[PDB]
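Okay, here's what each chain looks like letter by letter:
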Amino acid sequence: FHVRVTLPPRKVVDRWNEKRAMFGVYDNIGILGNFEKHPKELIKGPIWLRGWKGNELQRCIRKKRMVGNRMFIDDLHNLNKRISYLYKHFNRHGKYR
Amino acid sequence: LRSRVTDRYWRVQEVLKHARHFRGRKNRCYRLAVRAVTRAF
Amino acid sequence: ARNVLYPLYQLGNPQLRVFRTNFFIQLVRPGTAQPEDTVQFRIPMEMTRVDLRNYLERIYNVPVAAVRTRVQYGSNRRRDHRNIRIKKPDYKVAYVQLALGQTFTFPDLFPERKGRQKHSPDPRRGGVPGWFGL
Amino acid sequence: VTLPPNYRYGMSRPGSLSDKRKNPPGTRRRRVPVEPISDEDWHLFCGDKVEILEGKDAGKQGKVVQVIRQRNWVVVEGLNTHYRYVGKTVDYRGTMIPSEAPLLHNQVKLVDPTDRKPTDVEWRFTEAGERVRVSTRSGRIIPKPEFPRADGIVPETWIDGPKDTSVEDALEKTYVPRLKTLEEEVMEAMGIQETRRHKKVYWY
Amino acid sequence: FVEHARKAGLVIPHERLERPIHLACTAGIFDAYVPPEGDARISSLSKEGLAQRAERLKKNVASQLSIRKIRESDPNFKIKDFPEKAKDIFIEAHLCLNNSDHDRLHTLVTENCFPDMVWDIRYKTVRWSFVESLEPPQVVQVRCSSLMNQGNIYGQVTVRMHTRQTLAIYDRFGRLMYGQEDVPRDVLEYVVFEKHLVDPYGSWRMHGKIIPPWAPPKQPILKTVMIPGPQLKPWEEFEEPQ
Amino acid sequence: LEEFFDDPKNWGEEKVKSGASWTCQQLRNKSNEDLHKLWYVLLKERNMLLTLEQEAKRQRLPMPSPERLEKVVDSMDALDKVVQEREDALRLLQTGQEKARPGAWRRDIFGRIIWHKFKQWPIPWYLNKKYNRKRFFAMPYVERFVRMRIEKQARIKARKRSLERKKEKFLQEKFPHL
Amino acid sequence: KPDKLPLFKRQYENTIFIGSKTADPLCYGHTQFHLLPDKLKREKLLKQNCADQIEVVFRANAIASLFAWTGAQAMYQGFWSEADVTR
Amino acid sequence: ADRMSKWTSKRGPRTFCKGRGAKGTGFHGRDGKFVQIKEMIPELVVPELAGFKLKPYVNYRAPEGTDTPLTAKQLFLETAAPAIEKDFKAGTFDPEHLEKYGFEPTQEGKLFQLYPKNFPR
Amino acid sequence: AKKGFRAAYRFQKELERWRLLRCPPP
RNA sequence: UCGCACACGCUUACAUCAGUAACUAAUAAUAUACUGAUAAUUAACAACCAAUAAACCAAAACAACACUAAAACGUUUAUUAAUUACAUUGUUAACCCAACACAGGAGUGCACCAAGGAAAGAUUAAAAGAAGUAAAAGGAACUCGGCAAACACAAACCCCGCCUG
RNA sequence: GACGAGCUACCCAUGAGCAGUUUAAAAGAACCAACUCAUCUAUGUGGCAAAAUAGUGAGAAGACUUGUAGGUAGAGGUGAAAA
RNA sequence: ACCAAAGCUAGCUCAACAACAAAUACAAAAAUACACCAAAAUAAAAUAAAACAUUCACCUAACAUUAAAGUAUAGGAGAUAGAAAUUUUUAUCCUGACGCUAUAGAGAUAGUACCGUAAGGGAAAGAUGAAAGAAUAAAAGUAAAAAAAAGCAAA
Ligand SMILES: [Mg+2]
Ligand SMILES: [Mg+2]
Ligand SMILES: [Mg+2]
Ligand SMILES: [Mg+2]
Ligand SMILES: [Mg+2]
Ligand SMILES: [Mg+2]
Ligand SMILES: [Mg+2]
Ligand SMILES: [Mg+2]
Ligand SMILES: [Mg+2]
Ligand SMILES: [Mg+2]
Ligand SMILES: [Mg+2]
Ligand SMILES: [Mg+2]
Ligand SMILES: [Mg+2]
Ligand SMILES: [Mg+2]
Ligand SMILES: [Mg+2]
Ligand SMILES: [Mg+2]
Ligand SMILES: [Mg+2]
Ligand SMILES: [Mg+2]
Ligand SMILES: [Mg+2]
Ligand SMILES: [Mg+2]
Ligand SMILES: [Mg+2]
Ligand SMILES: [Mg+2]
Ligand SMILES: [Mg+2]
Ligand SMILES: [Mg+2]
Ligand SMILES: [Mg+2]
Ligand SMILES: [Mg+2]
Ligand SMILES: [Mg+2]
Ligand SMILES: [Mg+2]
Ligand SMILES: [Mg+2]
Ligand SMILES: [Mg+2]
Ligand SMILES: [Mg+2]
Ligand SMILES: [Mg+2]
Ligand SMILES: [Mg+2]
Ligand SMILES: [Mg+2]
Ligand SMILES: [Mg+2]
Ligand SMILES: [Mg+2]
Ligand SMILES: [Mg+2]
Ligand SMILES: [Mg+2]
Ligand SMILES: [Mg+2]
Ligand SMILES: [Mg+2]
Ligand SMILES: [Mg+2]
Ligand SMILES: [Mg+2]
Ligand SMILES: [Mg+2]
């Protein structure tokens, strides 16, 4: 439980730096902009996760069905295995049945 | 976001206040101390 | 030469010559008592007896009577800070002997020719810093 | 030159006793952040007078002995100073010597010869194919510090021994640019005569 | 101990160190003037001493050769001003060892001087006082040294000075060791100052402190001290000289 | 036989000086016969330096004037540079094969594509035992490992990049330039 | 040490033999004849840059064989290193 | 068991014999006696050094030079070009036989051939 | 390296509390 | 009183000089095992070291001659065999396999010492435990059983397997 | 699905050992060493040892011991059956 | 007072975009002699069905995405399995991080030591400062300070 003896340099953060000032800027783009582009397109991320949501099982099964054949051998394997495990666990376990 | 308990130190010390005057190994080691302190209160 | 491809010999083939020879040599003071007629060489691994002979005769004009060759094994024992082994490299030794009765001796290479302050504290000072007058 | 991936420079040469003693084979210490400087943006050589903008000794001017590019340091002789003992034995602490603490290149600016002021060096290309250091403040060209070498040998004062080739012989061009190799050449000019030819060989 | 085992440990390989070691000072004091053995009795007569000093200054060829190289190398230089600055460098040096401020103590005193006056004293309490200079500071001689390697010239000005000082050295436990603070003792110091010439910062420094041969034995120390005879092994017999 | 030692006059002396190593250029000027000689004039010297060295070791004495050895070495090395040079261009002009040894790109059992250095045999290859039992080709299953290799390799690049990128953030936040 | 000759140590049964067992009526050698092996031909020696050796090769041989030849005889007569020799 | 250390003639049994990489000079004989071929022993070709001036080192103040690695083309210019323009200007140029300029059609005639590379060094 | 300032800082108060027990101030 | 050598197997643990406060030794002293520097075993012993036809029914066993289980081993004739100093390689050890500097596992030839080696760090002289020697009278009364031990080392009868394995 | 017969079981090549005594006998005969097994007891039980030590024991020219080197592989091998 | 304790870096995670040269398959790293070479046959079971016999998604393939739809269907018609027609989809640009901070993060300072005859398994450890070309005293455990008729140790 021995704890840090010397004060760290206080991290100074300008909340006024570019990215933070400009946060959430185009959020209303569809509405204010006579909808053409959806808020979705403001999402920069992993191919299969854009404008979508799900629990682990759905995520995984999705990554598979989308990028599956572009994955490395080993990751792929671990993915199929995680899938199986999850199948078994969500369907076949719980308190609530 | 891996998060840990920094302050575990005080958590212990707040028990150990009361464990000071005990005889034996009861007055330091947190396990034994806890129990002793319960019986005491 | 060494590390070189040598041309396959078959019958009626031209004599093989090597114009710039790749080998090298060391003349070393024998660790042991030996007869005067003998001189000792550390040579590279790929060097045959006949080779050391010809090499010696031709480049240095030394009259070789005979040659022996043995291989000293370098220690694989000593360990690195990671406990990987260190290897002192294995090397080939060759003893030579001189033709006309020439007696050799290894030259001593180092003839030895070249080209007080007591600040200890005063016993009777008692440790006082004597730099100070008064 | 012998170096591990994580290394620390103590002013001491990589191949030395003091270097094996400071950072032995089994130490890797914390990284030292060093502002990246491309070799072409580096304005400091050894031997030029530079004003030191920082330290207990500041505003002063000194000559540059040696540069450590790796950790980005300069060395001004006997200017930045701390005191160390060299001679040591049981009864004797001998020889207190002034030694130079190295300086980062943020604390040192190049001094232009004319007005002996500090300046901002800037690399420029003139009209002759030349690359020189021009002052932001003074608008001059600053020289480069032509210096001795680690040998101690000045070429102008020299005498050739037994095994030294004189300037003359070495610049002598004996070359005859023709289609023969060293081998045909040297056998031909040694007078060695050969007749028989190699049998057909196969190659896989 | 001077010892080297050449049987195993080889020889530390001979290096060319990329930076030639840069010395502000040279340890040696080249030529030591040895004062007259009657300088105690000639110190009560003002115009005897002052006359002999000024005379031996003007008369010496070496002295004025050296003051010539100093003057020709360093403009705005005067020998009649110097014993003033010199007597000042002292009162700054010792006042430094009182307070134990070593940062100023480097600016004043030389490379050879520092290790000595600082060393053996550094764990004790030093309290020293300057009251009278009975005879104003006298410049004895000047010596230049030519290093043909560096072109570096080292001027050394010798100042013989008479003084009145009160020194009290306490040991690290708070108890007195050497001498009272209440005795303004009379001292005769033969002092040596040094300057580097080619140096652009041209500092004037205290180099060394020399004691003449007949100089008075110093104050008796307080604590008794034991000088041991030689340590004997069992079979070695002792022998007593007459 | 003393050709393995310095002039007896030089033995007990610490610093024994000597000249510079040979620039490539300085050698480019010599004819072929004379490089051929310089090989040996350098050779004998090399052997002396080696000898002197080993003895310095044996004697618990630091070796007099070390750099000699470095220097000779380079020149030997340098001489070599010029010799192959003069063959290498030559054959390019005559033959035009950039490689002096026959050889071919081949594919070994481990799915690596290798540069096969050739060899000399008294007989044709289809009459050769040992050659014929070497297999240059990939079998079917190996194709799996091939991919893994790629992938394995592909990660290392992948996370090398990702490290260097990081080193640029850190510095730029440690050193606010401009 | 003789090893530098070269010479080699190899141990096995140590025999003292005259060419005939002790039982023989002929205890005494007259002469021997040693034909020289092929290695030791003259020509080979002059090829090897070996001059005087041609003579020495002979010498050596005698000093060996003859010695043994003699010694055997002595040993056969009951003589040895501590009985020395009468005749 | 030692996995890591290399396999040498010194580790195995009697029967295991592996040369350290010296080159083979011969073949086995009839009697079992070993046979050497005078033509398989490398013969060093050494000039007389006494007659000439060259040294293992050079003067320090002696100049370095502009560094030009030799290119095929430079060579072609020094040797082949002058003679070539000489005989095209004369008009006696014969693109058919280039042998007078030093070109060799195929290498199997000559002693040291470049491409199969007959010679050690 | 993202730590508790809470940890360090709160610890400092102990540190000085002990500084106050081992040398009580004048 | 397990000695010398070789094969196998080990790899520098061998050699010389210097060091050991600590690290190896289950302690020390000092050093064949810890440290460093420097050296070193040299081929005549050993490894490498021809084919294709053709005659030959007939054992080794001190081999006279036989035994029954029918027994490994090469001579010569002919056909060609690059012909030519010196090829290459192994040669240290107190050693190996058992996690150990293990009372154990380790093939062959010679030896029974001419070789190798030490059972006890220093005392004391309790109980209990281990190994050994001796014991009056008695002689299996012990005990599942004469197990163990013995100045004994003999006879007999049974059940079950036939037998050596 | 790979990996293992360097232990051990069984072969297959290929080497090597068995002294003295008794016997008309080299007879799966006797006596008794080396050698090979492992009866019975006591030690030993984090041992010297993950099966040993000391005594004591059976075999000891044979279905004998043993060296090096190959061979059979798990749904299988191998076995004078004890799974 | 010992033993100890603290540093913030080494790198990692997820995601976007797109040193020749010799020698090496003789017992690998041994230049050189007469041959042979090469080849293929469904994945299975653990497990679900509360047992187990038919059956038990993913496990190979590419095909994505929004739907049609958990529908048509197939199923010891149980467990579960599960389509298509037909529909949807705007450019690049604009990289990072409500990811880890030395038991975490990769096994990794390395597939290294070490462990296996082998396939195979498989570690642990870094920290002073510009400069060593300058020599907190807070875990258990102990020590400073051995114990005095009585007994969940405290109240
Ligand atoms: Mg979830
Ligand atoms: Mg040889
Ligand atoms: Mg040999
Ligand atoms: Mg292994
Ligand atoms: Mg072998
Ligand atoms: Mg062997
Ligand atoms: Mg052997
Ligand atoms: Mg955090
Ligand atoms: Mg071992
Ligand atoms: Mg010890
Ligand atoms: Mg031996
Ligand atoms: Mg005892
Ligand atoms: Mg007893
Ligand atoms: Mg008893
Ligand atoms: Mg009795
Ligand atoms: Mg009874
Ligand atoms: Mg009874
Ligand atoms: Mg009964
Ligand atoms: Mg009994
Ligand atoms: Mg008895
Ligand atoms: Mg019955
Ligand atoms: Mg039976
Ligand atoms: Mg029997
Ligand atoms: Mg077997
Ligand atoms: Mg018998
Ligand atoms: Mg029998
Ligand atoms: Mg007994
Ligand atoms: Mg019996
Ligand atoms: Mg019987
Ligand atoms: Mg096998
Ligand atoms: Mg198998
Ligand atoms: Mg059986
Ligand atoms: Mg049964
Ligand atoms: Mg049963
Ligand atoms: Mg390789
Ligand atoms: Mg089943
Ligand atoms: Mg089930
Ligand atoms: Mg269930
Ligand atoms: Mg299935
Ligand atoms: Mg990016
Ligand atoms: Mg880790
Ligand atoms: Mg504590
Ligand atoms: Mg009570």
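Residues numbered from 1 in each chain as written, not as in the entry; some residues may be left out. Chains lettered and ligands numbered in written order. Part of a larger assembly, values for the part shown. Heavy atoms only, no water.

Engineer: Explanation requested: the interface of chain H and chain F in the structure shown.
Structural biologist: Many authors give the size of an interface as the accessible area that is lost as the parts come together. Every contact between the two is made by 35 residues of chain H and, on the other side, 37 residues of chain F. Buried surface at the junction of chain H and chain F, both sides included, amounts to about 3,200 Å², of which 62% is carbon and sulfur. The three residues of chain H that bury the most area against chain F are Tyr57, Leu114 and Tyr115 of chain H, which together make up 23% of that side's buried surface. At the junction of chain H with chain F, the criterion picks out two salt bridges. Put simply, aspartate 80 of chain F and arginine 121 of chain H hold a salt bridge, and the shortest N to O gap is 3.4 Å. Counting the contacts that link chain H with chain F gives 12 residue pairs in polar contact. (Contact = heavy atoms within 4.5 Å. Buried area = accessible area lost by both parts, 1.4 Å probe. Salt bridge = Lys/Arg side-chain N within 4 Å of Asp/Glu carboxyl O. Polar contact = N/O pair within 3.5 Å; in protein donor to acceptor, adjacent residues only side chain to side chain.)

Engineer: Just to check I follow, could you spell out the protein's contact with RNA strand J for this structure?
Structural biologist: As a structural note, the neighbourhood of RNA strand J is formed by 61 residues, with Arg49 and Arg53 of chain C, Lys4 of chain G together with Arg14 and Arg30 of chain H the closest of them. The sugar-phosphate share of atoms of RNA strand J within 4 Å of the protein amounts to 56%. Separating a phosphate oxygen of RNA strand J from a backbone N or O atom of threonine 69 of chain C is a distance of 3.5 Å. Contact between RNA strand J and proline 6 of chain G: a base nitrogen at 2.6 Å from a main-chain N or O atom of the residue. Taken together, the elements giving at least two residues each to the surface near RNA strand J come down to β3 (38-43), α1 (49-60), β4 (64-72) and β5 (91-98) of chain C, α2 (32-58) of chain F, α1 (42-47) of chain G together with β1 (26-28) and β2 (34-36) of chain H. At five residues, β4 of chain C tops the list of elements feeding residues into the surface near RNA strand J. (Near = heavy atom within 4 Å. Helix = DSSP H or I, 4+ residues; strand = E, 2+ residues; numbered from the N terminus.)

Engineer: How should I be thinking about the pairing of strand β10 (residues 131-135) of chain D in this particular structure?
Structural biologist: Side-chain positions along a regular strand alternate between the two faces of the sheet. Residues and elements named next belong to chain D. Here strand β9 (residues 121-125) runs beside β10; their pairing, made up of five bridges, is antiparallel. Residue pairing across strands places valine 121 opposite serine 135, the latter belonging to β10. If you look at the hairpin formed by β9 and β10, you'll find five residues sitting between the two strands, and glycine 129 has a positive phi there, around 95°. Between β10 and strand β11 (residues 141-142), which pair antiparallel and follow one another directly, the connecting turn spans five residues, one of which, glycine 139, has a positive phi of 55°. (Pairing = 2+ DSSP bridges.)

Engineer: For this particular structure, what's the right way to read the sheet that holds β4 of chain C?
Structural biologist: Neighbouring strands of a sheet are bound in pairs by backbone hydrogen bonds; such pairs are parallel or else antiparallel. All names here are of chain C. On the basis of which strands lie adjacent, the open sheet formed by four strands has the order β2-β3-β5-β4 and antiparallel pairing. Each edge of the open sheet is held by one strand with a lone partner, namely β2 (26-27) and β4. In the sheet, β4 pairs with β5 via eight bridges, with the strands oriented antiparallel. Note on β5: the bridge partner recorded for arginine 70 is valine 93. Strands β3, β4 and β5 of the sheet are contacted by α1, whose axis makes an angle of about 130° with β4. (Axes fitted to C-alpha atoms, helices over the stretch in contact; angles between N-to-C directions.)

Engineer: For this particular structure, what's the right way to read the protein's contact with RNA strand L?
Structural biologist: What surrounds RNA strand L is a group of 111 residues, the closest being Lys44 and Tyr87 of chain A, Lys22 of chain D, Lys117 of chain F together with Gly24 of chain H. Among the atoms of RNA strand L lying within 4 Å of the protein, the sugar-phosphate backbone contributes 67%. Side-chain polar atom of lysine 169 of chain F to a phosphate oxygen of RNA strand L: 2.8 Å apart, as the coordinates give it. Between RNA strand L and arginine 22 of chain I there is a distance of 2.6 Å, counted from a phosphate oxygen to a side-chain nitrogen or oxygen. Residue contributions to the surface near RNA strand L peak at nine residues, all from helix α5 (residues 142-174) of chain F.

Engineer: For this particular structure, what's the right way to read the nonpolar core?
Structural biologist: Side chains of nonpolar character tend, in soluble globular proteins, to be buried together. One finds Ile25, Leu27, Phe41, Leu52, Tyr55 and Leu56 of chain C together with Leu27 of chain F to be the most contacted residues of the largest nonpolar core, which totals 66 residues. Sorting elements by how many residues they give to this core places α2 of chain F first, with 11 residues. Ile89, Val109, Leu167 and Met206 of chain E belong to the second largest nonpolar core, which has 41 residues in total. (Core = buried A, V, L, I, M, F, W, Y, C linked by side-chain atoms within 4.5 Å. Buried < 20%, exposed > 50% of the residue type's maximum accessible area, 1.4 Å probe, protein only.)

Engineer: What is the right way to look at the pattern of salt bridges in this model?
Structural biologist: A pair can form between side chains of opposite charge whenever their charged atoms are brought close. Under the definition given, this model contains 57 salt bridges over all chains. Residues joined in a network through salt bridges with shared partners are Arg17 and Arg58 of chain C, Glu194 and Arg196 of chain D together with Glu39 and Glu43 of chain H.

Engineer: Help me out: how do you make sense of the side chain of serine 18 of chain F in this one?
Structural biologist: Mapped onto the fold, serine 18 of chain F is located in the segment before α1 (24-28). Apart from residues lying up to four places away in sequence, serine 18 of chain F is in contact with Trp158 and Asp164 of chain D, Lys71 of chain F together with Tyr57 and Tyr60 of chain H.

Engineer: Is there a simple way to think about the packing of aromatic side chains in this case?
Structural biologist: Each aromatic ring pair is characterised by the separation of its centres together with the angle its planes make. With the rule as written, the count across this model stands at 29 aromatic pairs over all chains. Put simply, the rings of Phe41, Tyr55 and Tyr60 of chain C together with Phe4 of chain F pair up and form one aromatic cluster. Geometry around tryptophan 131 of chain C places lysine 209 of chain E over its ring, the cationic atom sitting 5.5 Å from the centre. (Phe/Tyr/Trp six-rings, centres within 6.5 Å; stacked < 30°, edge-to-face > 60°. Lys NZ or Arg CZ within 6 Å of the ring centre and 35° of its normal.)

Engineer: Is there a simple way to think about helix α2 (residues 30-40) of chain B in this case?
Structural biologist: Because an α-helix completes one turn every 3.6 residues, residues spaced three or four positions apart along the sequence face the same direction. Residues and elements named next belong to chain B. By the burial criterion, the buried members of α2 are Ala33, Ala36 and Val37. Along the axis of α2, the buried positions cluster into a sector of 100°, meaning they face one direction only. In α2, the exposed positions that point more than 90 degrees away from the buried face belong to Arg31, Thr38 and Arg39. Buried residues along α2 sit in contact with α1 (8-19). (Arc of directions from axis to C-beta.)

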